[PDB]
Each structure stands twice: as structure tokens, then as C-alpha cells.
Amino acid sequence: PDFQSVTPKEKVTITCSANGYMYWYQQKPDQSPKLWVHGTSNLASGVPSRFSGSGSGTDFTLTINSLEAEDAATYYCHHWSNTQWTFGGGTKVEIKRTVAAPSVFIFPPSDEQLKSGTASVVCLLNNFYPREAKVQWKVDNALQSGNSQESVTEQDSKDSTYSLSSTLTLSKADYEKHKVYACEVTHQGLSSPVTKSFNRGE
């Protein structure tokens, strides 16, 4: 699934390569796909005229002139080949805005959780843009790898930002062996990395 950032009112062209007629779909999360273009260049019903389909040779395109907020979606091409239908990989179109730095927060495991033998340590990166960010966990200044999982929100409707959570999972025994827990964040909007930390038990 390709990812494309577009400033509102700018133009984007999505290419689908293939060996008669190309079809295109728009899909938003938790919705069924909508037919968008048919017969390579014919707009489907209700589709804004700022969209246009074209093709030549093996290269088929969907162009969005003067992108609007409502055009943020995944787009798919679709064609008949041999004895079956084939959909292309999607292209997810997001809204480009000014760079915004994350606000970073760290949370220690609760006493409630620790009483049953696991410690989740949580790092929150709030309301940033673009989506690309790097989280580094350090435990008594040893870099960690392989014991964290992260999740990212969809783009905010109002400010076009993202948020991200990273969870470090340790056993209680391992958690109790160390003092300093630190989340170091790198992002285009941060001139140098930001570190948030706590001392176990403080």
C-alpha cells in the first residue's frame, strides 16, 4: 500500500501499470469501496469533475486536480486479465500540512499491574506531522530492541496530525532490576531528540 502526502489544492497523479479497460475505486476506513472511474477515463456517478482517469500503453492514471480534504482516502485500480479480475495495491492519499513537533509523555507501570507480574511502560507522542517518528527505549541507558509495540492514529480531521503510543513490556522481575526508564523521540519537527524519563518508584 503506497503512501502519498498532498497539500490541499495541489495536484497528484497515481499510476497503475498493467497489460482493455481500467477501473478505479475510492475507499475510506470502515466503508465499502466506491466505484470512481470506469472504462479508463469515464467518471462514475457523483464523482467530482476534479478527478480524471487516463491511460496509454501499459500505464494507467488517476489524477486529482486541486485536492480537497474529502479526497483523503485509499485508491485502487482494477482490470480484467485473462480469466480473472486483478486489483492493484492501494495508494493511500493523506493531507500534507506544516511540520508539527510531538508533545512527548512517559507513563510508569501501575502498582495494580505490577502485583500480577508484568510491567507495561508507555510512551505517548501527541499531535505531530509528518507521520514518520522514531521512538527509542533506554533502560539504565541500555538501548532496547524487540520488547516494544506501537500503534498510530489516523490523521486528525481538524489539525491533520497523528499521535503514536509505544508500549515497552517487561516482566516484574526485570522491571525491578533497573532504575531509569527513558523514551527518546526523533522527529523532523524536533531540532534535537526529546527524552522523557522516570526513576522507578519515584
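Numbering starts at 1 and runs along the sequence shown.
J.: Take the C-alpha B-factors listed in the entry for 66-74 and for 155-163, compute each mean, and give the stretch with the larger one.
T.: On average, C-alpha B-factors are higher across 155-163.
J.: Between 172-180 and 33-41, name whichever shows the higher mean Cα B factor according to the PDB entry.
T.: Higher mean C-alpha B-factor: 172-180.
J.: Between 114, 121, 93, 104, which carries the biggest CA temperature factor in the record?
T.: The record points to 114.
J.: Among the modelled residues of this chain, does the Cα B factor of residue 126 put it in the lowest, middle or highest third?
T.: It falls in the bottom third of the chain.
J.: Place residue 61 in the lowest, middle or highest third of its chain's C-alpha B-factors, as listed in the PDB entry.
T.: Residue 61: CA B-factor falls in the lowest third of its chain.
J.: Thinking about Cα B factors across the chain, which third does residue 188 belong to?
T.: As the PDB entry reports it, the C-alpha B-factor of residue 188 lands in the middle third of its chain.
J.: Residue 22's Cα B-factor: lowest, middle or highest third of the chain?
T.: Highest third - that is where residue 22 ends up once the chain's C-alpha B-factors are sorted.
J.: Based on the entry's values, in what third of the chain does the Cα temperature factor of residue 141 lie: lowest, middle or highest?
T.: Its C-alpha B-factor, which the entry lists for residue 141, ranks in the highest third among residues of this chain.
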